[PDB]
Structures are given as structure tokens and as C-alpha cells.
Amino acid sequence: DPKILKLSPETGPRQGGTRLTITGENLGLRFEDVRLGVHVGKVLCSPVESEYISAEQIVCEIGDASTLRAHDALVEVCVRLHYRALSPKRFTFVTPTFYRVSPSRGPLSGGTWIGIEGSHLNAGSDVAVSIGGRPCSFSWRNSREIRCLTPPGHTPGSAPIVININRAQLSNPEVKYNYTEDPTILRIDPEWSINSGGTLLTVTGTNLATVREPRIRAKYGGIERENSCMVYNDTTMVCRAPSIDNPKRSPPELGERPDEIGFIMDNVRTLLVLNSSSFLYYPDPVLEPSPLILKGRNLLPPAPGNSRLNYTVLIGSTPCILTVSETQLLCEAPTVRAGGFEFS
Ligand SMILES: *[C@@H]1O[C@H](CO)[C@@H](O)[C@H](O)[C@H]1NC(C)=O
Ligand SMILES: *[C@@H]1O[C@H](CO)[C@@H](O)[C@H](O)[C@H]1NC(C)=O
Ligand SMILES: *[C@@H]1O[C@H](CO)[C@@H](O)[C@H](O)[C@H]1NC(C)=O
């Protein structure tokens, strides 16, 4: 008459402690009917009365299986002793391990998304990752990886990784996490972009390779906008300008500094806002509909330096070699792009 429908989870550490959840039918009436009749093979599973749902759910903590001479076992539930139910599938006792952390280094401020690779890392009912004794904020996990977020470090250098899965304490001295000095930002070249953004900016600083996915951010017109970067080496990365296009306002022809300009690099929050930055945003080009002469304004920057918009006229999906004046775009071939700007 009693029947088990599902077990969750299906694997657990051999040391025990797993909170097994047994869902079924006719699972007794009161907690006394099943308080002593739940076993995982030879191992006792102690039910928790607070999470016992009458005739439907039995939550029990699995005991120690360190001396059990078996790898998996069926779950037996005895109601009161004749009428008992056997689990449809088997519960597996495993020994979780890990062999790699990626990335193995990151800023001292923390905020680095790390994935610890190993075996049986999805076993049990809870998990807790620690680096140097501080909690790595758990995000998710499967059988081969645990994704968590590093905490701020005490001092730069290596730090041990310890994982807790119920009563199992996983360690590996060959797998450490190296806290590095926080990256710094020195200059942005060129120090300007257009309203639609999307232009390539060369950012130079220190320890840039210690952050896997740095981003660039700008606050303008009451709106925050972001864009992606790619690190080339510890002192040089390339970003795309955030687009500040919004219906509240647009930059003037002479340019205006954004309310904020900065970078998102893990939890190095001092880089979020560059206060003394003179970065300017300029208007988008204003074009209008056998050489072709596309006329318009805001084509060249009002500040003549070493840089100018890298235009591309994709007529026929083929770039044309072009000469650019203040009011001239010239194609010489037998749809207009500039960073994130596009117009025909
Ligand atoms: C941590 O990384 C730095 C380079 O950023 C390196 O010089 C140092 O040796 C590393 N520490 C360990 C323990 O690997
Ligand atoms: C990084 O690459 C840039 C581009 O050539 C170069 O100018 C710079 O010196 C490099 N920095 C290091 C630390 O290698
Ligand atoms: C300008 O755009 C063209 C077309 O994509 C590209 O080949 C070229 O490298 C770009 N130049 C610069 C300086 O970004």
C-alpha cells in the first residue's frame, strides 16, 4: 500500500548528513508511524518531524556510510512493520573531489566568478565554499563544477580552497587561489566617443589580466550604460564605448563630459567612477541622402588630435576606401557605420 515516488537528491557524500527528501503515497499518518522505519540500505536515515508531510513526504538525515561495504542502496520505508515501501531507484554514496579552479587568480577586493571543477560536486543537500577561511558566495553547481563568487582577500598571495558538502570536507593543497593586487586605470585613448558609442578605446592600466571580463560603464542623462572589454595584457585592454543615446538629452557639438565614466572589474569598486577623467561624448554624425559624396556635419572631432571616427560605408556589404573631410565622405567603387552608429 505505501509507495515511494521520488528521492531527492539521488547522490550523497559517504560521510553522511544528506537531507534526503522522499516523496510518495501512503507514507504513514503521523510522524510516529515512520520515525524509526527509514533506512538507506544498512544506513539509518533519521526523519525530521518539522518537514514531515503526512502520507506524502519524509525528510530524513542520512547517517554515516564510511564503513558501508556498498556503493549504492535502495531506500526502505517501514510504516509502523509488514507494509513497507522500497524506493524505485537507488541512492548512490559518492566521494566528491575537485582538481581545478578557474580562474586561479583575482583581485584582492573579491567579486571574481570562479568555477571549481571536480567529480560528484552535485552530491548532498547543501554546499559551502571557503577561500582563506572566507565564504565564496555560492551561485550554482552540477556534477562537474561549482560556480561561486570570491570574497575579498586579507593579503595578496595563495589561499586554500575548502569545500563542505554535508559532513564531507573536501580539500586539495595543489588547488589554491592567488589573490592579486587590485588593477588600476591610468588613461583612455582616445579620450572621447560619439553618442551611439561602439568605438574602440585603448585603456591602459595595471594588473588588467587579473580580471577575466572587464566592462566599461558610463552614466549620462540619468541612465547607466555598459559595454564589453577584452584584455590584451596586464597593462593594455580594448573596450567599446558605451552608447549614451537617450531621449532626455544628447551631447552638444563641442562635447560634454558624461556624469560618470568608469569600469566594472569584479569588486574593485574604486574603478567604477573616474572622477578626474576628461572623457568627452560628441554627437553622432549627421548624414543625408563616378565618386559618391555623402555630405554632413559632426564628421570630424572639434578637437584635432591623433584620432578620428573610423568610418565604414558598407554599400554592397563591401567597404570602400574613403577620404573624410569636415563635410565629405567619398566612396570610389563601381550602410554607413561608425562604432555603434549606423545610417543610410
Ligand atoms: C600570484 O600571482 C603573481 C602575479 O600576479 C605571482 O607573481 C605570484 O607568484 C603568484 N602567487 C602564487 C602563490 O602563485
Ligand atoms: C601590452 O601590449 C601593448 C601593445 O603592443 C604594449 O604597448 C605594451 O607594452 C604591452 N605591455 C606589456 C606589459 O607587455
Ligand atoms: C576601421 O574599420 C575597418 C573596417 O572594419 C577596419 O578594417 C580597420 O581596422 C578599422 N581601423 C581602425 C583604426 O579601427
Side-chain angles (χ1 to χ4, degrees), residues 96-118 121-122 124 126-142 144-166 168-188 203-219 224-240 242 260-277:
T97 57
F98 70 98
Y99 61 86
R100 181 173 183 264
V101 54
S102 180
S104 59
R105 62 163 56 182
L108 194 63
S109 297
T112 301
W113 284 113
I114 57 165
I116 302 172
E117 287 171 79
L121 290 184
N122 66 328
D126 57 55
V127 62
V129 181
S130 71
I131 298 176
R134 301 185 178 184
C136 187
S137 298
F138 169 81
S139 182
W140 54 262
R141 66 168 181 162
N142 56 26
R144 261 167 283 184
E145 189 182 4
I146 290 178
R147 185 70 53 85
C148 68
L149 192 62
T150 63
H154 177 50
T155 46
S158 66
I161 299 179
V162 182
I163 302 183
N164 286 277
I165 298 179
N166 293 122
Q169 190 162 219
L170 290 63
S171 299
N172 194 339
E174 291 181 328
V175 181
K176 299 173 178 176
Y177 186 84
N178 189 14
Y179 277 107
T180 57
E181 304 255 270
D182 286 342
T184 66
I185 301 298
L186 179 60
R187 88 182 83 95
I188 306 172
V203 186
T204 76
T206 62
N207 279 16
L208 300 180
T210 64
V211 178
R212 262 194 168 180
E213 300 235 35
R215 308 198 68 193
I216 180 174
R217 63 172 302 272
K219 188 172 186 176
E224 293 192 27
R225 297 276 179 81
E226 307 174 12
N227 214 331
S228 52
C229 303
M230 171 142 296
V231 179
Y232 274 78
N233 57 22
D234 252 333
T235 70
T236 310
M237 65 179 181
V238 177
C239 305
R240 289 208 175 272
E260 297 176 1
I261 182 68
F263 299 90
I264 307 176
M265 299 181 73
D266 294 349
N267 202 38
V268 189
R269 299 201 300 102
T270 61
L271 304 180
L272 290 173
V273 176
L274 304 177
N275 292 270
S276 62
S277 178

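We're numbering straight along the sequence, starting at 1.
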Between atom CH2 of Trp113 and atom SG of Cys136, what is the distance when rounded to the nearest 0.5 Å? 8.0 Å
Could you tell me if the side chain of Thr112 sits less than 4.5 Å from the side chain of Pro107, heavy atoms only? yes
Close side-chain approach of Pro103 and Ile114, heavy atoms under 4.5 Å: yes
Any idea which heavy atoms bring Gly115 and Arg147 closest together, and the distance? CA-NE, 3.9 Å
From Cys148 SG over to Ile116 CD1, what is the distance, rounded to the nearest 0.5 angstrom? 5.0 Å
For the OH atom of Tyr177 and the OG atom of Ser102, what is their distance to the nearest 0.5 Å? 10.5 Å
Closest non-hydrogen atom pair between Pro173 and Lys176, with its separation: O-CE, 3.2 Å
Is any side-chain heavy atom of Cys229 closer than 4.5 Å to one of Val203? no
To the nearest 0.5 Å, how far apart are CD1 in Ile264 and CD in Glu213? 12.0 Å
Can you tell if the side chain of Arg240 reaches within under 4.5 Å of the side chain of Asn227, non-hydrogen atoms only? yes
So does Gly106 get a backbone contact from the side chain of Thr180, meaning a donor-acceptor N/O pair under 3.5 Å? yes
With heavy-atom distances below 4.5 Å as the criterion, would you say the side chains of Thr235 and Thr204 are in contact? no
List the steps and the verdict of side-chain contact (heavy atoms from CB on, under 4.5 Å) for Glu260 and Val273. CA-CA 6 Å; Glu260 297 176 1; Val273 176; 3.5 Å; yes
Residues at least two apart in sequence or cross-chain that pass side-chain hydrogen bond (donor to acceptor under 3.5 Å, both in side chains) with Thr206, listed by chain then number, are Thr184
Report the residues that fulfil ring-ring contact (aromatic ring centres under 6.0 Å, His included) with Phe98, sequence neighbours left out, ordered by chain and then residue number. none
Name all pairs fulfilling the salt bridge (charged side-chain N to carboxylate O under 4.0 Å, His left out) condition that reach into residues 104-117, sequence neighbours left out, sorted by first residue then second. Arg100-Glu117
Residue pairs passing the salt bridge (charged side-chain N to carboxylate O under 4.0 Å, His left out) test with at least one member in residues 149-163, sequence neighbours excluded, are none
Closest non-hydrogen contact found for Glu226 with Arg215 is OE1-NH1, 2.6 Å
Closest heavy-atom pair and its distance - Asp266, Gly110: CB-O, 3.4 Å
Which atom of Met265 lies closest to which atom of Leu208, heavy atoms considered: CE-CD2, 3.9 Å
Set of residues satisfying ring-ring contact (aromatic ring centres under 6.0 Å, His included) with respect to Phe263, sequence neighbours excluded: none
Answer whether the closest heavy-atom distance between the side chains of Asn267 and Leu149 falls below 4.5 Å. no
Distance-only criterion, 3.5 Å: show the donor-acceptor pairs between side-chain atoms of residues 151-164 and protein atoms not counting sequence neighbours.
none

Shortest non-hydrogen contact from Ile165 toward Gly124: CG2-CA, 4.2 Å
Between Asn207 and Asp182, do the side chains contain a donor N or O and an acceptor N or O under 3.5 Å apart? no
I'd like to know whether OH of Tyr232 has more than 12 heavy-atom contacts from other residues, nucleotides or ligands below 6.0 angstrom. no
Do the non-hydrogen side-chain atoms of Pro214 and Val231 ever get within less than 4.5 Å of each other? yes
Do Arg217 and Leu271 make a side-chain contact, defined as non-hydrogen atoms from C-beta onward lying under 4.5 Å apart? no
Look up atom CD1 in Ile131 and atom CG in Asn178, then write down how far apart they are to the nearest 0.5 Å. 11.5 Å
From OG1 (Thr97) to CG (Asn172), nearest 0.5 Å: 8.5 Å
